[PDB]
């Protein structure tokens, strides 16, 4: 019985600096560790095998090291192409991977652009309407979205989704969808979306009538 634990869960590194990922095996396994890179929507790509051997095509910036129980994957001069999830794998007949480490680049604080979309007219015929609030291009990963219908807070009736870190400007986008019934949508007037973010001195509210 051998476990491999990765740390940290998320790693934030400035552009050009060094990223150091840790992989701890519960028992001494010499050099039997393999590192993999996996970007969202893509297959895993082999980076290191046997603790310190680079796979063909892997640049010198990435290099694995360590023997025994603790192992490290180092990414020198971090590039926007390095934002991914990295897995370490115990090289055994009963294989086992680590939980994975997400790596993102550090960026200047970017305020989000808040858009709100009233539901189309063909939605009300279906009996369910969905109003969408968009938070576009902000670097501080987490924000606070609040839905208010005629001043009444209605956040627990919505669902959120965040895209990956953009490869060009290194920001995040968030989209919240408040789903209500048509018979409830026609019984209220103002629908507001309140956004709290580090790049905002005060909460930004976007609303509409009808």
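Residue numbers count along the first chain shown, from 1.
- Between 153 to 161 and 43 to 51, it is 153 to 161 that carries the larger average Cα temperature factor according to the deposited entry.
- As recorded in the PDB entry, 24 to 32 is the stretch of 172 to 180 and 24 to 32 with the greater mean C-alpha temperature factor.
- Of the residues listed, 136, 89, 101, 123, the entry assigns the biggest Cα temperature factor to 123.
- Annotation for residue 10: C-alpha temperature factor in the middle third relative to the rest of the modelled chain, per the entry.
- Ranked by Cα temperature factor within the chain, residue 115 sits in the lowest third according to the deposited record.
- The PDB entry assigns residue 130 a C-alpha temperature factor belonging to the lowest third of its chain's modelled residues.
- Among all modelled residues in this chain, the alpha-carbon of residue 189 has a temperature factor (C-alpha) in the middle third.
- When all modelled residues of the chain are sorted by CA temperature factor, residue 84 is found within the lowest third.
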